[PDB]
Structures are given as structure tokens and as C-alpha cells.
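Asker: Here you go, run_35.txt (compact mmCIF, C-alpha atoms and all ligand atoms):
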```txt
# COMPACT_ATOMS: atom_id res chain seq x y z
CA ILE A 1 -40.12 -37.83 6.92
CA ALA A 2 -43.00 -40.20 6.16
CA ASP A 3 -44.64 -41.91 3.21
CA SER A 4 -46.98 -39.75 1.13
CA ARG A 5 -49.00 -42.68 -0.28
CA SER A 6 -50.36 -43.91 3.07
CA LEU A 7 -51.88 -42.25 6.12
CA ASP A 8 -49.28 -43.59 8.59
CA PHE A 9 -47.88 -40.04 8.56
CA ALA A 10 -51.00 -38.78 10.34
CA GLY A 11 -50.38 -40.80 13.50
CA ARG A 12 -46.63 -41.03 13.05
CA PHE A 13 -45.97 -37.28 13.33
CA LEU A 14 -48.52 -36.52 16.06
CA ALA A 15 -46.61 -39.19 17.96
CA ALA A 16 -43.35 -37.43 17.10
CA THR A 17 -44.70 -34.04 18.20
CA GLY A 18 -46.06 -35.72 21.33
CA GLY A 19 -49.62 -34.88 20.33
CA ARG A 20 -48.97 -31.17 19.79
CA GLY A 21 -49.10 -31.59 16.04
CA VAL A 22 -47.78 -28.83 13.84
CA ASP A 23 -48.73 -25.18 13.43
CA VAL A 24 -49.20 -24.90 9.62
CA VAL A 25 -50.04 -27.54 6.99
CA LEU A 26 -49.55 -26.98 3.25
CA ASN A 27 -51.45 -29.59 1.22
CA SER A 28 -51.39 -30.80 -2.35
CA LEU A 29 -53.05 -34.20 -1.83
CA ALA A 30 -56.73 -35.01 -2.31
CA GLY A 31 -59.15 -37.60 -0.97
CA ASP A 32 -58.85 -39.08 2.51
CA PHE A 33 -55.55 -37.17 2.91
CA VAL A 34 -57.39 -33.90 3.63
CA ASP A 35 -59.00 -35.14 6.85
CA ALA A 36 -55.98 -37.22 7.90
CA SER A 37 -53.93 -34.00 7.78
CA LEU A 38 -56.33 -31.88 9.87
CA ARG A 39 -55.63 -34.47 12.56
CA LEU A 40 -52.16 -32.84 12.76
CA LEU A 41 -53.70 -29.57 13.94
CA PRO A 42 -55.03 -30.66 17.37
CA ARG A 43 -54.09 -27.23 18.74
CA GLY A 44 -55.38 -25.44 15.64
CA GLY A 45 -53.44 -23.29 13.21
CA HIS A 46 -53.35 -22.72 9.47
CA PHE A 47 -54.32 -25.37 6.92
CA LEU A 48 -54.09 -24.25 3.32
CA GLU A 49 -54.80 -26.23 0.15
CA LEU A 50 -53.17 -25.95 -3.26
CA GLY A 51 -55.14 -28.82 -4.79
CA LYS A 52 -58.35 -27.75 -6.50
CA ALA A 53 -60.05 -31.12 -6.03
CA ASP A 54 -62.02 -31.54 -2.80
CA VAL A 55 -62.12 -27.85 -1.89
CA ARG A 56 -63.77 -27.23 1.47
CA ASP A 57 -65.72 -24.61 3.37
CA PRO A 58 -63.59 -22.71 5.94
CA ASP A 59 -66.50 -22.68 8.39
CA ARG A 60 -67.31 -26.40 8.63
CA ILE A 61 -63.57 -26.90 9.16
CA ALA A 62 -63.36 -24.28 11.91
CA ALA A 63 -66.27 -26.17 13.48
CA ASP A 64 -65.07 -29.78 13.11
CA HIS A 65 -61.48 -28.79 14.01
CA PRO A 66 -61.49 -25.93 16.52
CA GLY A 67 -59.05 -23.15 15.74
CA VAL A 68 -58.22 -24.22 12.17
CA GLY A 69 -58.33 -21.45 9.61
CA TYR A 70 -58.67 -23.21 6.25
CA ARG A 71 -57.97 -21.45 2.95
CA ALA A 72 -57.58 -23.09 -0.44
CA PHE A 73 -55.52 -20.73 -2.57
CA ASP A 74 -53.95 -20.17 -5.98
CA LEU A 75 -50.87 -18.05 -6.67
CA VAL A 76 -53.00 -15.80 -8.89
CA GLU A 77 -54.94 -14.62 -5.82
CA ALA A 78 -51.87 -12.63 -4.70
CA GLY A 79 -52.19 -9.78 -7.21
CA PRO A 80 -49.43 -8.43 -9.45
CA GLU A 81 -48.16 -5.72 -7.10
CA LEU A 82 -47.62 -8.24 -4.30
CA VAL A 83 -45.79 -10.70 -6.57
CA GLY A 84 -43.22 -8.01 -7.35
CA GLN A 85 -42.46 -7.39 -3.68
CA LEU A 86 -42.40 -11.12 -2.89
CA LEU A 87 -40.13 -11.77 -5.88
CA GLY A 88 -37.91 -8.89 -4.77
CA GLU A 89 -37.64 -10.44 -1.30
CA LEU A 90 -36.77 -13.83 -2.82
CA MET A 91 -34.09 -12.46 -5.15
CA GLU A 92 -32.54 -10.85 -2.07
CA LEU A 93 -32.21 -14.37 -0.61
CA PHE A 94 -31.05 -16.14 -3.78
CA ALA A 95 -28.24 -13.57 -3.87
CA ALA A 96 -27.53 -14.22 -0.18
CA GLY A 97 -27.01 -17.95 -0.81
CA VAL A 98 -30.07 -19.09 1.11
CA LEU A 99 -32.17 -20.36 -1.82
CA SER A 100 -31.00 -22.37 -4.82
CA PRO A 101 -32.79 -23.11 -8.11
CA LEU A 102 -34.28 -26.59 -8.07
CA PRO A 103 -32.92 -29.55 -10.05
CA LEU A 104 -33.81 -29.04 -13.70
CA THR A 105 -35.01 -31.30 -16.51
CA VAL A 106 -34.41 -29.10 -19.55
CA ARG A 107 -35.73 -29.60 -23.08
CA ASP A 108 -35.93 -27.72 -26.35
CA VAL A 109 -39.43 -26.23 -26.74
CA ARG A 110 -39.68 -27.93 -30.13
CA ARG A 111 -39.44 -31.22 -28.17
CA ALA A 112 -42.26 -30.23 -25.81
CA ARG A 113 -44.51 -33.28 -26.29
CA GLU A 114 -41.93 -35.61 -24.76
CA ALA A 115 -41.48 -33.09 -21.95
CA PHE A 116 -45.17 -33.19 -21.00
CA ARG A 117 -45.04 -37.00 -21.09
CA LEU A 118 -42.18 -36.94 -18.58
CA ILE A 119 -44.34 -34.71 -16.39
CA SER A 120 -47.58 -36.68 -16.74
CA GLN A 121 -45.65 -39.87 -15.87
CA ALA A 122 -44.05 -38.21 -12.80
CA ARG A 123 -40.69 -39.03 -14.38
CA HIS A 124 -39.31 -35.49 -14.43
CA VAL A 125 -36.78 -34.38 -11.82
CA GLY A 126 -37.72 -31.22 -9.93
CA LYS A 127 -38.63 -28.50 -12.42
CA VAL A 128 -39.06 -28.83 -16.20
CA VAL A 129 -37.83 -25.94 -18.35
CA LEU A 130 -38.15 -25.47 -22.10
CA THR A 131 -35.58 -23.48 -24.07
CA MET A 132 -36.42 -21.54 -27.21
CA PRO A 133 -34.63 -22.02 -30.55
CA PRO A 134 -31.34 -20.21 -31.27
CA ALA A 135 -31.67 -16.55 -32.16
CA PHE A 136 -29.50 -13.53 -32.94
CA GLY A 137 -30.63 -10.26 -31.40
CA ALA A 138 -30.14 -6.51 -31.58
CA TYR A 139 -29.00 -6.66 -27.94
CA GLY A 140 -25.47 -7.92 -27.38
CA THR A 141 -22.56 -8.52 -29.73
CA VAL A 142 -22.22 -11.11 -32.49
CA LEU A 143 -18.80 -12.47 -33.45
CA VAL A 144 -18.20 -13.59 -37.03
CA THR A 145 -14.79 -15.24 -37.34
CA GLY A 146 -13.50 -15.13 -40.89
CA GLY A 147 -15.90 -12.24 -41.48
CA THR A 148 -13.83 -11.16 -44.48
CA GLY A 149 -14.69 -14.26 -46.51
CA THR A 150 -16.83 -15.10 -49.52
CA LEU A 151 -19.76 -15.63 -47.14
CA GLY A 152 -18.51 -14.59 -43.69
CA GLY A 153 -18.94 -10.99 -44.77
CA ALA A 154 -22.12 -11.93 -46.62
CA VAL A 155 -23.48 -13.46 -43.40
CA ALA A 156 -22.66 -10.22 -41.56
CA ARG A 157 -24.62 -8.24 -44.15
CA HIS A 158 -27.53 -10.63 -43.70
CA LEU A 159 -27.45 -10.83 -39.89
CA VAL A 160 -27.85 -7.05 -39.79
CA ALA A 161 -30.39 -7.06 -42.63
CA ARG A 162 -32.98 -9.60 -41.45
CA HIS A 163 -31.84 -10.68 -37.95
CA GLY A 164 -31.69 -7.16 -36.49
CA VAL A 165 -28.08 -7.53 -35.30
CA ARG A 166 -26.84 -4.13 -34.11
CA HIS A 167 -23.35 -5.04 -32.82
CA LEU A 168 -20.70 -6.96 -34.79
CA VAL A 169 -17.04 -7.96 -34.57
CA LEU A 170 -15.45 -9.39 -37.72
CA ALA A 171 -12.25 -11.39 -37.23
CA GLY A 172 -9.45 -12.94 -39.25
CA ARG A 173 -5.69 -13.18 -39.39
CA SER A 174 -5.48 -10.28 -41.85
CA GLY A 175 -8.16 -8.29 -40.02
CA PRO A 176 -8.46 -4.71 -41.26
CA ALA A 177 -5.69 -5.49 -43.76
CA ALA A 178 -8.04 -7.83 -45.65
CA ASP A 179 -9.23 -6.34 -48.92
CA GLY A 180 -12.82 -5.15 -48.89
CA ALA A 181 -12.65 -4.97 -45.08
CA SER A 182 -12.89 -1.21 -44.50
CA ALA A 183 -15.41 -1.26 -47.36
CA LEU A 184 -17.60 -3.89 -45.69
CA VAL A 185 -17.46 -1.97 -42.38
CA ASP A 186 -18.70 1.25 -43.97
CA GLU A 187 -21.38 -0.87 -45.66
CA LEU A 188 -22.62 -2.46 -42.42
CA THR A 189 -22.20 0.67 -40.29
CA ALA A 190 -24.44 2.48 -42.77
CA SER A 191 -26.93 -0.35 -42.12
CA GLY A 192 -27.18 0.95 -38.56
CA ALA A 193 -24.93 -1.59 -36.83
CA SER A 194 -21.82 -0.84 -34.81
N1 LIG B 201 -17.45 -20.95 -49.94
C1 LIG B 201 -17.89 -22.33 -50.13
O1 LIG B 201 -18.34 -22.67 -51.17
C2 LIG B 201 -17.75 -23.34 -48.98
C3 LIG B 201 -18.06 -24.65 -49.20
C4 LIG B 201 -17.94 -25.55 -48.18
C5 LIG B 201 -17.50 -25.12 -46.94
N2 LIG B 201 -17.19 -23.82 -46.72
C6 LIG B 201 -16.74 -23.37 -45.42
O2 LIG B 201 -17.39 -21.91 -45.14
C7 LIG B 201 -16.48 -21.18 -44.53
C8 LIG B 201 -16.15 -19.90 -45.36
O3 LIG B 201 -15.40 -20.29 -46.49
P1 LIG B 201 -15.19 -19.26 -47.79
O4 LIG B 201 -15.71 -19.91 -49.05
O5 LIG B 201 -15.89 -17.94 -47.54
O6 LIG B 201 -13.54 -19.04 -47.94
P2 LIG B 201 -12.76 -17.61 -47.58
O7 LIG B 201 -13.24 -16.54 -48.53
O8 LIG B 201 -11.27 -17.81 -47.76
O9 LIG B 201 -13.03 -17.11 -46.01
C9 LIG B 201 -12.39 -17.80 -44.96
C10 LIG B 201 -12.05 -16.76 -43.84
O10 LIG B 201 -11.54 -17.37 -42.80
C11 LIG B 201 -10.26 -16.51 -42.31
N3 LIG B 201 -9.32 -17.45 -41.73
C12 LIG B 201 -8.58 -18.46 -42.22
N4 LIG B 201 -7.91 -19.01 -41.20
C13 LIG B 201 -8.24 -18.34 -40.08
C14 LIG B 201 -7.84 -18.50 -38.78
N5 LIG B 201 -6.91 -19.48 -38.25
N6 LIG B 201 -8.33 -17.71 -37.83
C15 LIG B 201 -9.21 -16.73 -38.16
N7 LIG B 201 -9.61 -16.58 -39.45
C16 LIG B 201 -9.12 -17.39 -40.41
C17 LIG B 201 -9.78 -15.95 -43.39
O11 LIG B 201 -9.26 -14.59 -43.06
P3 LIG B 201 -7.65 -14.42 -42.79
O12 LIG B 201 -6.86 -15.17 -43.84
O13 LIG B 201 -7.31 -12.95 -42.85
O14 LIG B 201 -7.32 -14.95 -41.41
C18 LIG B 201 -10.97 -15.80 -44.36
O15 LIG B 201 -11.43 -14.52 -44.33
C19 LIG B 201 -15.21 -22.05 -44.43
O16 LIG B 201 -15.08 -22.53 -43.17
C20 LIG B 201 -15.45 -23.21 -45.43
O17 LIG B 201 -14.75 -24.45 -44.97
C21 LIG B 201 -17.31 -22.92 -47.73
```
Starting from the file, lay out its structure as C-alpha cells.
Answerer:
Amino acid sequence: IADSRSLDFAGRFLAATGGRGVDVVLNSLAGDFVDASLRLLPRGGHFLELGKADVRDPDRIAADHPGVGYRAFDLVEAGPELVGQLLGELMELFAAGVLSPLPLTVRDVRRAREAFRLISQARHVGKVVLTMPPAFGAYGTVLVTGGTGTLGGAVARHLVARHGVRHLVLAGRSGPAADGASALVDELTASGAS
């Protein structure tokens, strides 16, 4: 480990590798950091830049730092067919217990301003995720307890009418015995919902 806000790392790690340096260097930092990092490829290797400030020419790097293939890249350069394979390979590993989702700072999308402030102040933890408003869907089941009531049944009619609900379970102590129950079922089932 070493501090990211100084350049001590550059001569701290070459000293820890005994001058061999490393074999690959993934950068996000700009400015003087770019050159200070190439110093950790004395024996050459890969050096690859995510940051889009201070992009460099692969050839004047290969010259000034023999055996260093430099490529600044963006995830879009992979192409959609490759992403699928890569994502397949990753999901294989998440399911094997090798990779774990990062720490999450979660917010409701309607509260997105504050979320971007967290991010722009570097005060988020790991990954920020925004979660959409509540919604009923035609996929999956919806439970309406007391769905033989003044409105509980009226809600059921309306969920299927304008919320697209296609699967319902109405519940109550009486259950089917409730009056208007088998009548409300036939009414909703005719509306296309199980
Ligand atoms: N309607 C209004 O103007 C109004 C106003 C304010 C608040 N609310 C609230 O809105 C909700 C619906 O009220 P509502 O006006 O439609 O009265 P409701 O017609 O009597 O419907 C209430 C439903 O809840 C069921 N129920 C009672 N106890 C239950 C239990 N332990 N477990 C499962 N189901 C139970 C009843 O079925 P079973 O007896 O067969 O179990 C009944 O079908 C209530 O929670 C009420 O507090 C309604």
C-alpha cells in the first residue's frame, strides 16, 4: 500500500520489488502521476490509462520507456459481443464466491441531486445506486389482504385495470365465504388476471 496523493509510491514500490517494478499498471490519476508510474515499469510491460486527461501517444512512450505498451482505453471500446462473454465469465465467479458486490450507497432516484453531491464530494462509499419508485407489474403476484373489503376489492379491480397486474391473491378470514367474493373473482378473471 502507499499514498495516492504523493509520488512516494513511485520509489517506495520499486524499492519493495527490488527494482524489478511491476508487470502491469492500471491508472486513473492525471498530471505528474503518469510519468511517476512509468518508472514502475523498468522491465517494461503494460501501462493502460482510464483517465481521459493527459492522454499519450503509445510510440513516444515505447521510446522513452523501452518495452512499455501504452493504451488509454474506455469500456465502450470492448464491443457488445465481448461484454456478454466477459459478463458471463464474471457471473460464473460471483456464483463461485470469488467476487462480491462492492459496498453500496443507495438512494431513491427521486433524491438523485443529493446523490451526485455525495459523489462529487468523494463522500460516497464504493458504488452509488439509485432505486426507482415503487411499482406493481404484470410479472409476479400481488397480495391484497382484506381484498373482500369496501376498497380492498376495489383496489384489486384498479390494480388490474391501470397497473397491469396479471396475478392476484385476495385474503381475509372469511376468504371465499365472504359475500361478493366469487363474484369479484369472476369479475377480475374476466379482466385477464389470474
Ligand atoms: N373505508 C374507509 O372509509 C376507511 C377509512 C379509513 C381507514 N380505512 C382503512 O382501509 C382499510 C379497508 O377498510 P374498509 O373500509 O374497506 O372496511 P372492510 O370493508 O370491513 O374491509 C376490511 C377487510 O379486512 C378483512 N380483515 C379483517 N381482519 C382481518 C384479519 N385479521 N386478517 C385478514 N383480513 C382481515 C376483512 O375480511 P374478513 O373479515 O373475512 O377477514 C375485510 O374484508 C382498513 O384497514 C381501514 O382501517 C378505511
Asker: Taking all atoms listed in the file into account, which residues are within 6 Å of ligand LIG 201 (chain B), as an mmCIF file with C-alpha atoms, in the coordinates of the input?
Answerer:
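Once everything was written out, this is result-v1.cif:
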```
data_model
loop_
_atom_site.group_PDB
_atom_site.id
_atom_site.type_symbol
_atom_site.label_atom_id
_atom_site.label_comp_id
_atom_site.auth_asym_id
_atom_site.auth_seq_id
_atom_site.Cartn_x
_atom_site.Cartn_y
_atom_site.Cartn_z
ATOM 1 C CA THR A 145 -14.790 -15.240 -37.340
ATOM 2 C CA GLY A 146 -13.500 -15.130 -40.890
ATOM 3 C CA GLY A 147 -15.900 -12.240 -41.480
ATOM 4 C CA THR A 148 -13.830 -11.160 -44.480
ATOM 5 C CA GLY A 149 -14.690 -14.260 -46.510
ATOM 6 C CA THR A 150 -16.830 -15.100 -49.520
ATOM 7 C CA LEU A 151 -19.760 -15.630 -47.140
ATOM 8 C CA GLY A 152 -18.510 -14.590 -43.690
ATOM 9 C CA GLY A 172 -9.450 -12.940 -39.250
ATOM 10 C CA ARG A 173 -5.690 -13.180 -39.390
ATOM 11 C CA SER A 174 -5.480 -10.280 -41.850
ATOM 12 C CA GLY A 175 -8.160 -8.290 -40.020
ATOM 13 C CA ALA A 178 -8.040 -7.830 -45.650
#
```
Asker: Go ahead and compute the interatomic distance for CA of residue 74 (chain A) and CA of residue 34 (chain A), in Å to one decimal.
Answerer: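 Separation of CA of residue 74 (chain A) and CA of residue 34 (chain A): 17.1 Å.
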Asker: If we count only C-alpha atoms, what is near region 157-161 of chain A at a cut-off of 9 Å, once residues fewer than 6 positions away on the same chain are taken out, given as a list in words?
Answerer: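 That gives residues 136, 138, 167, 168, 184, 187, 188, 191, 192 and 193 of chain A.
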Asker: Separation of CA of residue 128 (chain A) and CA of residue 32 (chain A), in Å?
Answerer: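 Distance reported for this atom pair: 29.1 Å.
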Asker: With all atoms listed in the file as the basis for distance, which of A:4, A:12, A:60, A:166 is at the shortest distance from residue 190 (chain A)?
Answerer: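 Looking at the shortest contact to residue 190 (chain A), the residue is A:166.
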Asker: I want to know what sits within 8 Å of residue 44 (chain A), based on all atoms listed in the file, with residues of the same chain fewer than 4 positions away left out; could you give that as a count of residues only?
Answerer: 6
Asker: Using only C-alpha atoms, which of A:141, A:28, A:37, A:85 sits nearest residue 52 (chain A)?
Answerer: A:28
Asker: What does the structure give for the distance between CA of residue 36 (chain A) and CA of residue 73 (chain A), in Å to one decimal?
Answerer: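 CA of residue 73 (chain A) lies 19.5 Å from CA of residue 36 (chain A).
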Asker: When you look at residue 106 (chain A) with a cut-off of 10 Å (counting only C-alpha atoms), what residues show up, excluding the ones that are within fewer than 2 positions of it in the same chain? I need them as a ChimeraX atom specification.
Answerer: /A:103-104,108-109,115,124-125,127-131
Asker: Print the selection's residues with C-alpha atoms to a file, as a PDB file, in the frame of the given file.
Answerer:
```pdb
ATOM      1  CA  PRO A 103     -32.920 -29.550 -10.050  1.00  0.00           C
ATOM      2  CA  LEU A 104     -33.810 -29.040 -13.700  1.00  0.00           C
ATOM      3  CA  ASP A 108     -35.930 -27.720 -26.350  1.00  0.00           C
ATOM      4  CA  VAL A 109     -39.430 -26.230 -26.740  1.00  0.00           C
ATOM      5  CA  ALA A 115     -41.480 -33.090 -21.950  1.00  0.00           C
ATOM      6  CA  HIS A 124     -39.310 -35.490 -14.430  1.00  0.00           C
ATOM      7  CA  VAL A 125     -36.780 -34.380 -11.820  1.00  0.00           C
ATOM      8  CA  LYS A 127     -38.630 -28.500 -12.420  1.00  0.00           C
ATOM      9  CA  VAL A 128     -39.060 -28.830 -16.200  1.00  0.00           C
ATOM     10  CA  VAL A 129     -37.830 -25.940 -18.350  1.00  0.00           C
ATOM     11  CA  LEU A 130     -38.150 -25.470 -22.100  1.00  0.00           C
ATOM     12  CA  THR A 131     -35.580 -23.480 -24.070  1.00  0.00           C
TER      13      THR A 131
END
```
Asker: Box along x, y and z, 4 Å on every side, all listed atoms of region 159-163 of chain A inside: centre and edge lengths in Å to one decimal, as AutoDock Vina command-line options.
Answerer:
```
--center_x -30.2 --center_y -8.9 --center_z -40.3 --size_x 13.5 --size_y 11.8 --size_z 12.7
```
Asker: Just checking: using only C-alpha atoms, which residue out of A:50, A:87, A:40, A:2 ends up closest to residue 26 (chain A)?
Answerer: A:50
Asker: Between A:111, A:76, A:179, A:18, which is the closest to residue 133 (chain A) once you count all atoms listed in the file?
Answerer: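 Among the listed residues, A:111 lies closest to residue 133 (chain A).
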Asker: Restricting the calculation to all atoms listed in the file, which member of A:22, A:181, A:57, A:143 is positioned closest to residue 41 (chain A)?
Answerer: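 Checking each of A:22, A:181, A:57, A:143 against residue 41 (chain A), counting all atoms listed in the file, the winner is A:22.
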Asker: Could you please fill out region 117-140 of chain A with N, CA, C and O atoms and send it back as a PDB file, in the coordinates of the input?
Answerer:
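Written file, selection-v5.pdb:
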```pdb
ATOM      1  N   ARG A 117     -44.947 -35.592 -21.467  1.00  0.00           N
ATOM      2  CA  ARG A 117     -45.040 -37.000 -21.090  1.00  0.00           C
ATOM      3  C   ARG A 117     -44.222 -37.303 -19.841  1.00  0.00           C
ATOM      4  O   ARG A 117     -44.715 -37.962 -18.920  1.00  0.00           O
ATOM      5  N   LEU A 118     -42.953 -36.886 -19.817  1.00  0.00           N
ATOM      6  CA  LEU A 118     -42.180 -36.940 -18.580  1.00  0.00           C
ATOM      7  C   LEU A 118     -42.995 -36.463 -17.388  1.00  0.00           C
ATOM      8  O   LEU A 118     -43.059 -37.136 -16.355  1.00  0.00           O
ATOM      9  N   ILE A 119     -43.632 -35.302 -17.520  1.00  0.00           N
ATOM     10  CA  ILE A 119     -44.340 -34.710 -16.390  1.00  0.00           C
ATOM     11  C   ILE A 119     -45.559 -35.544 -16.025  1.00  0.00           C
ATOM     12  O   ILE A 119     -45.786 -35.856 -14.849  1.00  0.00           O
ATOM     13  N   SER A 120     -46.360 -35.927 -17.024  1.00  0.00           N
ATOM     14  CA  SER A 120     -47.580 -36.680 -16.740  1.00  0.00           C
ATOM     15  C   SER A 120     -47.291 -38.083 -16.223  1.00  0.00           C
ATOM     16  O   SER A 120     -48.184 -38.701 -15.638  1.00  0.00           O
ATOM     17  N   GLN A 121     -46.077 -38.595 -16.420  1.00  0.00           N
ATOM     18  CA  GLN A 121     -45.650 -39.870 -15.870  1.00  0.00           C
ATOM     19  C   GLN A 121     -44.888 -39.726 -14.560  1.00  0.00           C
ATOM     20  O   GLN A 121     -44.365 -40.721 -14.046  1.00  0.00           O
ATOM     21  N   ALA A 122     -44.815 -38.509 -14.016  1.00  0.00           N
ATOM     22  CA  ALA A 122     -44.050 -38.210 -12.800  1.00  0.00           C
ATOM     23  C   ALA A 122     -42.588 -38.609 -12.952  1.00  0.00           C
ATOM     24  O   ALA A 122     -41.918 -38.927 -11.970  1.00  0.00           O
ATOM     25  N   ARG A 123     -42.080 -38.651 -14.180  1.00  0.00           N
ATOM     26  CA  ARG A 123     -40.690 -39.030 -14.380  1.00  0.00           C
ATOM     27  C   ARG A 123     -39.748 -37.846 -14.563  1.00  0.00           C
ATOM     28  O   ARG A 123     -38.571 -38.062 -14.858  1.00  0.00           O
ATOM     29  N   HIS A 124     -40.227 -36.619 -14.434  1.00  0.00           N
ATOM     30  CA  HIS A 124     -39.310 -35.490 -14.430  1.00  0.00           C
ATOM     31  C   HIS A 124     -38.642 -35.368 -13.065  1.00  0.00           C
ATOM     32  O   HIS A 124     -39.104 -35.921 -12.062  1.00  0.00           O
ATOM     33  N   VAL A 125     -37.527 -34.644 -13.039  1.00  0.00           N
ATOM     34  CA  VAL A 125     -36.780 -34.380 -11.820  1.00  0.00           C
ATOM     35  C   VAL A 125     -36.925 -32.895 -11.499  1.00  0.00           C
ATOM     36  O   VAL A 125     -36.478 -32.040 -12.275  1.00  0.00           O
ATOM     37  N   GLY A 126     -37.540 -32.593 -10.360  1.00  0.00           N
ATOM     38  CA  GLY A 126     -37.720 -31.220  -9.930  1.00  0.00           C
ATOM     39  C   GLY A 126     -38.558 -30.399 -10.885  1.00  0.00           C
ATOM     40  O   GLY A 126     -39.764 -30.637 -11.019  1.00  0.00           O
ATOM     41  N   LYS A 127     -37.935 -29.437 -11.558  1.00  0.00           N
ATOM     42  CA  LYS A 127     -38.630 -28.500 -12.420  1.00  0.00           C
ATOM     43  C   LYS A 127     -38.271 -28.763 -13.881  1.00  0.00           C
ATOM     44  O   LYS A 127     -37.107 -29.024 -14.202  1.00  0.00           O
ATOM     45  N   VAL A 128     -39.269 -28.693 -14.759  1.00  0.00           N
ATOM     46  CA  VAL A 128     -39.060 -28.830 -16.200  1.00  0.00           C
ATOM     47  C   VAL A 128     -38.991 -27.433 -16.798  1.00  0.00           C
ATOM     48  O   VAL A 128     -39.791 -26.554 -16.456  1.00  0.00           O
ATOM     49  N   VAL A 129     -38.034 -27.228 -17.699  1.00  0.00           N
ATOM     50  CA  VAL A 129     -37.830 -25.940 -18.350  1.00  0.00           C
ATOM     51  C   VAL A 129     -37.623 -26.188 -19.835  1.00  0.00           C
ATOM     52  O   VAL A 129     -36.894 -27.105 -20.225  1.00  0.00           O
ATOM     53  N   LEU A 130     -38.267 -25.369 -20.659  1.00  0.00           N
ATOM     54  CA  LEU A 130     -38.150 -25.470 -22.100  1.00  0.00           C
ATOM     55  C   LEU A 130     -37.379 -24.264 -22.613  1.00  0.00           C
ATOM     56  O   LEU A 130     -37.578 -23.145 -22.134  1.00  0.00           O
ATOM     57  N   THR A 131     -36.506 -24.494 -23.590  1.00  0.00           N
ATOM     58  CA  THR A 131     -35.580 -23.480 -24.070  1.00  0.00           C
ATOM     59  C   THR A 131     -35.826 -23.217 -25.542  1.00  0.00           C
ATOM     60  O   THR A 131     -35.882 -24.155 -26.345  1.00  0.00           O
ATOM     61  N   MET A 132     -35.976 -21.943 -25.888  1.00  0.00           N
ATOM     62  CA  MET A 132     -36.420 -21.540 -27.210  1.00  0.00           C
ATOM     63  C   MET A 132     -35.330 -21.816 -28.234  1.00  0.00           C
ATOM     64  O   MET A 132     -34.191 -22.120 -27.873  1.00  0.00           O
ATOM     65  N   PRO A 133     -35.643 -21.734 -29.528  1.00  0.00           N
ATOM     66  CA  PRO A 133     -34.630 -22.020 -30.550  1.00  0.00           C
ATOM     67  C   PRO A 133     -33.528 -20.969 -30.539  1.00  0.00           C
ATOM     68  O   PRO A 133     -33.686 -19.903 -29.925  1.00  0.00           O
ATOM     69  N   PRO A 134     -32.392 -21.231 -31.191  1.00  0.00           N
ATOM     70  CA  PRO A 134     -31.340 -20.210 -31.270  1.00  0.00           C
ATOM     71  C   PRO A 134     -31.806 -18.959 -31.993  1.00  0.00           C
ATOM     72  O   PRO A 134     -32.640 -19.012 -32.901  1.00  0.00           O
ATOM     73  N   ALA A 135     -31.258 -17.818 -31.579  1.00  0.00           N
ATOM     74  CA  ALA A 135     -31.670 -16.550 -32.160  1.00  0.00           C
ATOM     75  C   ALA A 135     -30.568 -15.512 -31.981  1.00  0.00           C
ATOM     76  O   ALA A 135     -29.941 -15.438 -30.923  1.00  0.00           O
ATOM     77  N   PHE A 136     -30.347 -14.714 -33.023  1.00  0.00           N
ATOM     78  CA  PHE A 136     -29.500 -13.530 -32.940  1.00  0.00           C
ATOM     79  C   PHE A 136     -30.393 -12.336 -32.615  1.00  0.00           C
ATOM     80  O   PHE A 136     -31.540 -12.262 -33.060  1.00  0.00           O
ATOM     81  N   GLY A 137     -29.854 -11.386 -31.849  1.00  0.00           N
ATOM     82  CA  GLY A 137     -30.630 -10.260 -31.400  1.00  0.00           C
ATOM     83  C   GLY A 137     -29.908  -8.940 -31.623  1.00  0.00           C
ATOM     84  O   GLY A 137     -28.699  -8.894 -31.865  1.00  0.00           O
ATOM     85  N   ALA A 138     -30.684  -7.861 -31.526  1.00  0.00           N
ATOM     86  CA  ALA A 138     -30.140  -6.510 -31.580  1.00  0.00           C
ATOM     87  C   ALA A 138     -29.467  -6.110 -30.283  1.00  0.00           C
ATOM     88  O   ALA A 138     -28.851  -5.039 -30.223  1.00  0.00           O
ATOM     89  N   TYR A 139     -29.586  -6.930 -29.247  1.00  0.00           N
ATOM     90  CA  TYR A 139     -29.000  -6.660 -27.940  1.00  0.00           C
ATOM     91  C   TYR A 139     -27.857  -7.647 -27.730  1.00  0.00           C
ATOM     92  O   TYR A 139     -28.062  -8.864 -27.795  1.00  0.00           O
ATOM     93  N   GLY A 140     -26.665  -7.120 -27.476  1.00  0.00           N
ATOM     94  CA  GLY A 140     -25.470  -7.920 -27.380  1.00  0.00           C
ATOM     95  C   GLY A 140     -24.706  -7.974 -28.692  1.00  0.00           C
ATOM     96  O   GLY A 140     -25.185  -7.563 -29.752  1.00  0.00           O
TER      97      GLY A 140
END
```
